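Protein chains in written order, with our numbering: chain E, -17 to 81; chain U, 33 to 329; chain Z, 47 to 95; chain V, 2 to 243; chain P, 2 to 243; chain W, 132 to 180; chain G, 954 to 1001; chain H, 752 to 996; chain Y, 73 to 130; chain D, 73 to 130.
Written out below as C-alpha cells is the structure these notes cover.
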Amino acid sequence: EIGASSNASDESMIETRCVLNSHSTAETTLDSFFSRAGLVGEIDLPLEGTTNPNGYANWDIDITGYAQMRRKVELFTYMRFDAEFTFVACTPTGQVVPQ
Amino acid sequence: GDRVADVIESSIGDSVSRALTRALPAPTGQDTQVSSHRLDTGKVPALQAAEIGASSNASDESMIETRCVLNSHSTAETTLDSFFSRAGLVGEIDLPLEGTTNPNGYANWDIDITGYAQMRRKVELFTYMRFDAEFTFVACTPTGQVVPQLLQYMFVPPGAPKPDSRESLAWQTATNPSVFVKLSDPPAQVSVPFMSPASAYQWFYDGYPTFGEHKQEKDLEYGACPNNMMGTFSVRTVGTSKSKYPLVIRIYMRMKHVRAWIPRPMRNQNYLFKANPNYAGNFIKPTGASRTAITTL
Amino acid sequence: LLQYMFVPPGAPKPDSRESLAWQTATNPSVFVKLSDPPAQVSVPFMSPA
Amino acid sequence: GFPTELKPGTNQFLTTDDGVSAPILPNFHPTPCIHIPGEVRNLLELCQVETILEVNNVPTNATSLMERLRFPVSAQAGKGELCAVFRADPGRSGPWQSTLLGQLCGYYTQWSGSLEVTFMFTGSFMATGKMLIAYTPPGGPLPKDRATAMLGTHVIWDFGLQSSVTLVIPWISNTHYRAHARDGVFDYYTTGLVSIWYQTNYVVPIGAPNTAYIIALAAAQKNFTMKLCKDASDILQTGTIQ
Amino acid sequence: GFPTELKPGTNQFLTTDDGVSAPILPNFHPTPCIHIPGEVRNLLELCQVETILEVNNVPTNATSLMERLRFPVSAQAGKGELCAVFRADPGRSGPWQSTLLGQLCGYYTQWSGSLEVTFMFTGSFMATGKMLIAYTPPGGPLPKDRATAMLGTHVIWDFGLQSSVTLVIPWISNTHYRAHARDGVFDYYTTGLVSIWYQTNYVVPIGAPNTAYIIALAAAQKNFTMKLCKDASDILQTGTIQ
Amino acid sequence: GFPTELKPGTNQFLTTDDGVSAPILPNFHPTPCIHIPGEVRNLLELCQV
Amino acid sequence: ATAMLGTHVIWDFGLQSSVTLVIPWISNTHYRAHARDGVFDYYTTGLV
Amino acid sequence: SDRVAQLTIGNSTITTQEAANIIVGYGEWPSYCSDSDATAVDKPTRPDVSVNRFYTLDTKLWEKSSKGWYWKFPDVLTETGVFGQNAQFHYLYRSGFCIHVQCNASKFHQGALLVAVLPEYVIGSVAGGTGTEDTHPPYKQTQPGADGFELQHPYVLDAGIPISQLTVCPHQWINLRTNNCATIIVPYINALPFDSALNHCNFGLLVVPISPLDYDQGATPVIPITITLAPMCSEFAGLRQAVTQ
Amino acid sequence: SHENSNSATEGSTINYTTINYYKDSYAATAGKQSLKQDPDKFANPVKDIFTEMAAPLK
Amino acid sequence: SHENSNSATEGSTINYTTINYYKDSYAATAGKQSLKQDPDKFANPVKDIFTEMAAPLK
Ligand SMILES: CCCCCCCCCCCCC/C=C/[C@H](O)[C@H](N)CO
Ligand SMILES: CCCCCCCCCCCCC/C=C/[C@H](O)[C@H](N)CO
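Dropping the structure here:
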C-alpha cells in the first residue's frame, strides 16, 4: 500500500545457510546493456526507382525506426550518451562493388 | 546451544577437503641417480601389487645399475593449454544457391564440437572441461574461390529468437553480438568466454534434464546437457535478394585457459551421432592392430 | 584459398582433398589466399638429434 | 616503416567490440549536465522494484484485458482448495512477462538469485481469512492437494491490518545460474511452482462483498544477478515502422 | 598516421598461433569455479597411470575381444620355452595401443623416458612358478631361446603373496628422443623387444586349475617426456557424424 | 583504433629481411645441445685453413 | 536387504576365526524388565 | 597391518581379513560443501548416521562365462531406507561414497575382477549393430536400480570406451589368489555443488572380470559378488513432497 | 595526455578506465563503469523509513 | 592495466603471462602455464601410503 518494495529478506522468512555470493553485477550496467551496435536506419540507393532515383538520400537521424533498438532505448525517459555509427553498404545481393 | 558431546565433538561442517597429495613443480623430467648392485633380503622394490589399484612406484635405480643422467627435457608441451590450444574444425555451414538444406541464404548451426572426431576425441578425454574459446570462420565457395560477398555472423544465446529468414527481424542484432565481414577479408576471429551455467562443461551427462516418464517420444533427452547448450550460430548473406555465389563456411575452434577434470578412457570406436556415445554394435573393432601369434612379432 | 598443413612424422598423411586428416585438430595449419602476402611461419629445431 | 603483421580478425565489424572511433566534431564540448532525479546506474535497481504479476492471465479479449492483473478469492467449503498456480521462472513465457523483472530478464540468458512475490488483498476491511502460499522446489509435480503442497517452502498468510504478505522464493538450484527454461529438454532449468491454497476459508459478515480480489506483485531480492546479455525474445514490430 | 609497413605473413590464419581476439560479450563474468576433484595439470600425470596392455592381441572376433587383455600360462616341460613377446614402442601400432600411455603418445611425435610394465598373475593361490622377463635393447633380433634372452636387461619373477612384478624398461637410446617407429626406414628408432620365458615351470598341485592367466599393465616412469605435438594417427570417423 | 598509415614497402617478401614469424609449435622445446667438437663460428676460420 | 537396515556387522572368514557383534543398548527406558509373551513384550530387545 | 581392515560408519561395521588397502578417489576425502561453493540459500539437512551407513544392496553370482556388471550412483540407493527417503523428499543432493565389493573364494579358485568407478558413465546403445539407427538405451538400462545391469560388450563398456584404459579411474583388483574385497572411497564428483539425486547419476561402478573364473570340478561352483556401500558426508536441500522417480 | 574534457560523463563522482587516441574524450572506448547501485531510491522511497522486522503501518 | 577479472582461470594459485588489448581478460592469449604436476593423485591414491622399497601388502 505504501508504494515501497517489500524489504523482507531470505533470512527473515526461512532457515537459510551461509552463501558467499561472488556473482558479478557488471554486465547489467548501463554501458554493458546499451553499448552493443544495432540497426537504427537503412538507406536504399536504387538505380531505377521512385524513392531515391537521384543517387542520393537524406536520412533524418532517428533511432525509433526499429523496434529492437527502440524498446531498449525507450525504457528510460532521459538518456545522455555518446554515439558510434558504423555504415555497412552493399548491393541487394550482398555483393561488394568498387563504388 | 551445544551441550551434548556428540554435537560438540561432531565433525559436521568441516568443509576442508583433505587432500592426500599436493602439486609439486616439475619443469623437466626427473633426473636419474647413480645406482649400484644391491644384494639384500627382506626388502624388495621389484615385487609390487597392482591389486591395490596404485601404479607401481619402482624406479630405474631400484631395478638395474644406472648412471647419473641430468634430464633437461622440458614438460611444457604436454600441458593442457599446449595440448588443446590448437584450432581445429568443429562445424561446417553450407549455403547453396539451389538446394534442399539451406536454399534461403541463411543457416542456423547449433553450437557443438562433437561433430568431428578429430576434435571430439581430444575433448572427450576429460569429463569436465573449463576453458575460453576462440572461433575463426573461414568462408569460401565450393571451388575454393573467394568472392566479394558480405556476410553476417550472429551469436544467438539460448532463449534468444532464432532467425527464420534472411530478412527476419532478429537480424537487427540490437542486443546479440554480430560480425560483418567479407570473404575477401581475412577470416573473422572472435573470443568466446566460458558461458556455461555450470562451473565446467561436461561432455558426458549420465542423467536426464527433466522429470517425468521418459517414453519413446521423450527418449532423445538422455545425454543432452542443457549446461552445454551454449546457443545457436546464425549466418546469412547480407542482402534482400539471393546471393550470386554459393558459400561453404568452416568454423574452427581453439580452446584457451583450459582446465580439465576427471580423465576417462579415450574413445576407440567410430563415432556415429552428435552428443551420443552410440557405437556400431556389430562392428566393434579392437583398439589396436592384431598379429597372427603371440610368440612372434 | 589454400591450406598449408604441417604433418610431423607419424601423423596421418592426407590422401585426398576431402580427407579427414584436413580437420587439423592437432596439426598446425595455415589458411591464406593468393591475393594475400605469402604465408610466413617460423619452424623450430625439431630433430631428435 | 614499423613492421606489422595483420592477424586474422581484421576488416571485420563486431557489434559488441569496444573500440575507438574518429570524432566527427573536433573541440566540441557537449551541453553541461544539470541534475535530474531518478538516475539509474544498474538494471538491478529496476529488477528490485515490485510490479504487478499477471497471475490470472487467462483472459484474452480487449474489454477484459484489465482483469489479468488480479485474481479473485471468495467464501469456500473449507477443504483447502486450490486458488491459483504459476511457475517461478521470471524470463519464461507466462505470468512473469508482465513484470519489469521478467521483461529485463528476457534480455539476459542466465539469472541467479532469490525472487520475492507479494500479494495485496483488496477485500473489505470486515472480511478475514487465512491462505497458504507454497513454493515447490524443482522436480516435484503440481501438488494434488494442500497436504502435499505444505511439504515445500510455504508461508501462512493472515488477513488483517497488514493487507499484503511477502513470499520469498529462495534460490534453490543445483547450478550457480539458470538458463532460460521452456518446453522440451530445456525444462531442466525449471524453478518450480508457486501454489496458493485456502488455509481455513474466506470469512465475511453480512453486508460485505462475497468475492474479493488479490493483487500479486513480483520482484527480485538483493542477491539477484543476471548474465550473458542476449537479444530480446519479442520483437515489437510487424512491418516497417512508417 | 603512424607509419607501418606490413611484412610477409599477414592475412593468414595459423591454427596454432596464440593471438588476441575481440571479446563478443563485454563485461561478462563467467560462472565461479567450485572445487572439483581429479583435476589434471599435465598429460604426464595420465601417462604415469597403469593401463591394461593388450599383449595377447591375436583375437579379432567380437565374442572373444575380451581375451586380448590377458595371456595364459600353464604347466610346461621345463625347457625355458617362450610365453609372449611384444615391442616396447608405446606409440607404435601393436599391444601398446590399448594403453592410455600409448594413446597419448600417439598425439606426440617424439618421446623420451623409461617405461614400466607390471604383470599381474591371476592364478590360484596354490600355484607357484618362476618366469623370466627380458628386455632386449635395440639392434638385437628376437632371441631364439632363454639362454640368448638372458643376456639383455631382465628380471626374475617369483610367484607368491606379491601377485605382480614390475619390469622397468630403461631409457636406452642413442638419441635424446625417439621419433615414432614403424616398418621401413623409420625402424631406426626401435626400442627393442620384451620377451617372457618360463624360468623353471608353472607348478600346480592336484585340485587346482592347470592354466592361469597373466594381466600386463603398462605405464611410464617419472622421467618420461613427450615433444612435437602432432595429429592423431587414427580418425574415429567414417562419414559425417549425423 | 590506433591510427596507422601504411608506407611503401608493404606486402613484399624480401629474402634477406630479418623479421618475426608466427611459431607453428607453441611451447615446443628443442632437443638439448650436447657438445660436438669442431664448431665453426666464422667463415674466416675456414678461410685460414 | 531388509535386515541390513539395522545395526549389523560384516564377518570375513580368515585367520581371525571369530568376530564380535556388539548389541548396543538401545531402549526407551533406563532399564528393561523381563520380557515374555503377552503385554510384557513391551521390553523386547530385538532380533539378531 | 594392511591385509586386515575394519570400516565402521553410522550403525554398520564391515570387516575384512584379506584386504588390499583402500583407494581414495582422486586423493580426496568426502567433505561438506563450503559456504563459498554453495549456491542454494536454504539450510541443507545433514541426517548423518541415519544415511551414512553401509547398505548391502544385492548379490551377483560370478560365473566362468560372466561378462560383467555395473551400478549407477546414487540410483542404487534412491529406493533404499532413510537415504532413499531423503533423496526422494529433497531436490538437491551431495555426498561421497565408500564402495566395498565382496568376492570371496578358496585358495584353489582363480580369477581377477576389475572394480572401477567411472564418473558420468553414460551408457550408449549398439545403434542397431550397423550404426545407422539412432537408438537410446531404455530407462531400465540407463537407471538399472539396485539390480545393476550386465554389460553386453564389456570390451567397449557398452559406451565405445576400451576397458583396457579403465584403470585411469579409481579402481582396485579383486584377484582371488590374494584379496577378496575392494574398497574405493569416492568424493562428490560433479560440476555443481548440488544436483538431483533422481535425474542425475554422478558416477557408475563397474565390476568386470578380466581373467575368467576357473576351478576344477568339485569345488564350490557358486562364487557370489556382493556390493556394500556407504554414503559419506551426505547433504540434502530443497524439500518438497516425495517424488518416486 | 592532455585532451579535451568533452565526454558525456565528465564532471561525475565515478572513475572510468578508457582507451583514447584523439584529443576529444567522447571518442574513447566505453570502458568500465563503477558498480554502485541505489536500489532503495526506487524500491523504498518513503519519507519516514520503516524497519524491516517491524510493522510498516503503525 | 585495469581490466575485468573474467578469465576462465581467475582465482587460481598459478600465475600466467598473457598479452591482452581489451578490458575482458578472457580475450587474452593462452600464455604459459605453471609446470606443476601431481602424478601421485592418480598413480598412487591410497589411504595408507607404502614405501617403495618395502612390501606393498603386509
Ligand atoms: C555521421 C554523422 C552521424 C550523426 C549521428 C547523430 C546521432 C545523435 C544521437 C541521437 C539521435 C536522436 C535519436 C532520436 C531521438 C528521438 O527519439 C526522436 N527525435 C523522436 O522525435
Ligand atoms: C560467434 C559466437 C560463437 C559462440 C561460441 C560458443 C561456444 C561455447 C563453447 C562450448 C560449446 C559447447 C560444446 C559442446 C558441448 C557438449 O559436448 C554438447 N552440448 C553435447 O550435448
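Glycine is no exception: its CB is placed at the ideal position from the N, C-alpha and C atoms.
Q: Have a look at residue 147 of chain W and residue 180 of chain W and give me their C-alpha separation to the nearest angstrom.
A: On the sixth sequence, position 16 is the one that residue 147 of chain W refers to. On the sixth sequence, position 49 is the one that residue 180 of chain W refers to. Approximately 29 Å, taken between the alpha carbons.
**Q.** Reference residue 172 of chain P, options P:24, P:158, P:188, P:192, closest by Cα
**A.** On the fifth sequence, position 171 is the one that residue 172 of chain P refers to. Selected option, being the one with the closest Cα: P:192.
Q: Kindly say whether residue 79 of chain Z, judged by its beta-carbon, lies nearer than 8 Å to any beta-carbon of chain U.
A: Locating residue 79 of chain Z in the third sequence gives position 33, counting from the first residue. Residue 79 of chain Z counts as touching chain U.
Q) Which term fits residue 1 of chain V, buried or exposed, when burial requires 16 or more other beta carbons within 10 angstroms of its beta carbon? A) This structure does not reach residue 1 of chain V, given that chain V is present from 2 up to 243, and the question cannot be answered.
**Q.** Segments assigned alpha helix (DSSP H), at least 4 residues, entirely inside the segment 5 to 47 of chain P
**A.** none
Q: Check whether the Cβ of residue 967 of chain G lies closer than 8 Å to any Cβ atom in chain H.
A: Reading the seventh sequence from its first residue, position 14 is the one you call residue 967 of chain G. It does: the Cβ of residue 967 of chain G has a partner Cβ on chain H nearer than 8 Å.
Q.
So if I measure from each beta-carbon to every heavy atom of ligand 1 and keep distances below 6 Å, which residues remain?
A. E:43, E:44, E:45, E:46, E:65, E:67, V:25
Q) Could one say the Cβ of residue 76 of chain D lies closer than 8 Å to chain Y's Cβ atoms, at least one of them? A) The residue given as residue 76 of chain D occupies position 4 in the tenth sequence. Closer than 8 Å to some Cβ of chain Y, the Cβ of residue 76 of chain D qualifies, so yes.
Q. Does DSSP put residue 928 of chain H in a helix, a strand or coil?
A. Counting from one through the eighth sequence, the residue named residue 928 of chain H turns up at place 177. In the structure shown, residue 928 of chain H sits in coil (DSSP, three-state: anything other than H, G, I, E or B).
Q. Is the distance from the Cβ of residue 146 of chain V to the Cβ of residue 79 of chain V below 8 Å?
A. As a first step, residue 146 of chain V must be located in the fourth sequence, where it is residue number 145. As a first step, residue 79 of chain V must be located in the fourth sequence, where it is residue number 78. For residue 146 of chain V and residue 79 of chain V, no; Cβs fall outside 8 Å.
Q) Exposed or buried, which one is residue 164 of chain W when buried takes at least 16 other CB atoms within 10 Å? A) Here residue 164 of chain W refers to the residue found at position 33 when the sixth sequence is read from its first residue. Burial call: exposed.
Q. How far does the alpha helix (DSSP H) with residue 151 of chain U in it reach, from first residue to last?
A. Stepping through the second sequence from its first residue, residue 151 of chain U is reached at position 119. Its alpha helix (DSSP H) spans residues 149 to 155.
Q | Boundaries of the alpha helix (DSSP H) in which residue 837 of chain H is found, first to last residue | A | For the purposes of this step, residue 837 of chain H is taken as the residue at position 86 of the eighth sequence. 832 to 840 is the span of the alpha helix (DSSP H), which, as asked, contains residue 837 of chain H.
Q.
Can you tell me whether residue 270 of chain U is helix, strand or coil according to DSSP?
A. Here the question's residue 270 of chain U lines up with position 238 in the second sequence. Residue 270 of chain U falls in the coil class under three-state DSSP.
Q: Indicate whether the contact test is met: 3 or more Cβ pairs, each with one atom in the segment 142 to 158 of chain V and one in the segment 904 to 922 of chain H, closer than 8 Å.
A: no
Q) Can you find a CB in chain Y that lies within less than 8 Å of the CB of residue -11 of chain E? A) By 1-based counting over the first sequence, the position of residue -11 of chain E is 7. Output row for residue -11 of chain E: interface = yes.
(Q) Does the contact criterion of 3 or more C-beta pairs under 8 Å hold for the segment 127 to 138 of chain U versus the segment 79 to 91 of chain Z? (A) no
**Q.** residue 81 of chain Z burial status per 10 Å Cβ neighbour count (16 or more: buried)
**A.** Position 35 of the third sequence, counted from the first residue, corresponds to residue 81 of chain Z. The residue in question, residue 81 of chain Z, is exposed, as its Cβ has fewer than 16 Cβ neighbours within 10 Å.
Q. Where residue 105 of chain Y and residue 87 of chain Y are concerned, what is the direct C-alpha to C-alpha distance, given to the nearest angstrom?
A. To locate residue 105 of chain Y, count along the ninth sequence from 1; it is residue 33. To locate residue 87 of chain Y, count along the ninth sequence from 1; it is residue 15. C-alpha separation (whole angstroms): 7 Å.
Q) Taking 8 Å as the CB-CB limit, is residue 141 of chain V close to chain H? A) Against the fourth sequence, residue 141 of chain V aligns to sequence position 140. It does: the Cβ of residue 141 of chain V has a partner Cβ on chain H nearer than 8 Å.
Q) Does the pairing of the segment 816 to 827 of chain H with the segment 21 to 30 of chain E give three or more beta-carbon distances under 8 Å? A) no
Q: Could you check how far apart the C-beta atoms of residue 60 of chain P and residue 320 of chain U are, in whole angstroms? I think they sit under 8 Å.
A: Locating residue 60 of chain P in the fifth sequence gives position 59, where the first residue counts as 1. Locating residue 320 of chain U in the second sequence gives position 288, where the first residue counts as 1. Actually they do not touch by this definition, with Cβ atoms about 12 Å apart.
Q) Can you tell me whether DSSP reads residue 862 of chain H as helix, strand or coil? A) As a working mapping, residue 862 of chain H is identified with position 111 in the eighth sequence. Residue 862 of chain H: strand per DSSP, three-state reduction.
Q.
Suppose the cutoff is 7 Å on Cβ atoms and the five residues either side in sequence are ignored; what does the same chain contact list for residue 209 of chain V look like?
A. Taking the first residue of the fourth sequence as position 1, residue 209 of chain V is located at position 208. So the qualifying residues of the chain are 125, 127, 128.
Q: Would you identify the three-state DSSP class for residue 69 of chain P, choosing helix, strand or coil?
A: Sequence index remark: in the fifth sequence, residue 69 of chain P carries index 68 (1-based). Helix.
(Q) Just checking residue 222 of chain U against ligand 2 - is the residue's beta carbon closer than 7 Å to any of the ligand's heavy atoms? (A) Within the second sequence, residue 222 of chain U is the residue found at index 190, counting from 1. Yes, the Cβ of residue 222 of chain U comes within 7 Å of a heavy atom of ligand 2.
Q) chain Z beta carbons: is any one of them nearer than 8 Å to that of residue 170 of chain U? A) Position 138 of the second sequence, counted from the first residue, corresponds to residue 170 of chain U. Answer yes: the Cβ-Cβ gap between residue 170 of chain U and chain Z drops below 8 Å somewhere.
Q. Where residue 147 of chain U and residue 912 of chain H are concerned, what is the direct C-alpha to C-alpha distance, given to the nearest angstrom?
A. Residue mapping note: residue 147 of chain U aligns to position 115 of the second sequence, counting from 1. Residue mapping note: residue 912 of chain H aligns to position 161 of the eighth sequence, counting from 1. Taking the straight line joining both Cα atoms gives about 18 Å.
Q) Going straight from the alpha carbon of residue 52 of chain U to that of residue 225 of chain P, what length do you get? A) The residue given as residue 52 of chain U occupies position 20 in the second sequence. The residue given as residue 225 of chain P occupies position 224 in the fifth sequence. Going by the C-alpha atoms only, they are around 24 Å apart.
Q: Say whether chain U places a C-beta atom closer than 8 Å to the C-beta of residue 232 of chain V.
A: The residue you call residue 232 of chain V lines up with position 231 of the fourth sequence. Residue 232 of chain V counts as touching chain U.
Q | Length of the line joining the Cα atoms of residue 266 of chain U and residue 280 of chain U | A | Here residue 266 of chain U corresponds to residue number 234 of the second sequence, with the count starting at 1. Here residue 280 of chain U corresponds to residue number 248 of the second sequence, with the count starting at 1. Roughly 14 Å separates the two Cα atoms.
Q: Sort out for me which residues DSSP pairs residue 986 of chain H with in a bridge.
A: Here the question's residue 986 of chain H lines up with position 235 in the eighth sequence. Looking at the DSSP assignment, residue 986 of chain H forms a beta bridge with H:845.
**Q.** Inside the segment 202 to 242 of chain V only - beta strand (DSSP E) runs reaching at least 3 residues
**A.** 212 to 221, 226 to 230
**Q.** Which listed residue (H:909, H:935, H:848) has its alpha carbon closest to that of residue 804 of chain H
**A.** Sequence index remark: in the eighth sequence, residue 804 of chain H carries index 53 (1-based). Checking every option, the nearest Cα to that of residue 804 of chain H belongs to H:848.
Q: Please decide whether residue 104 of chain Y counts as near chain D, where near means a Cβ-Cβ distance under 8 Å.
A: Walking along the ninth sequence from the start, residue 104 of chain Y turns up at place 32. With 8 Å as the cut-off, residue 104 of chain Y counts as an interface residue toward chain D.
Q. Apart from the five residues just before and just after residue 807 of chain H, which ones in its own chain have a Cβ nearer than 7 Å to its Cβ?
A. Along the eighth sequence, one-based indexing puts residue 807 of chain H at 56. For residue 807 of chain H, where only same-chain residues beyond five positions count, the Cβ hits under 7 Å are 977, 979.
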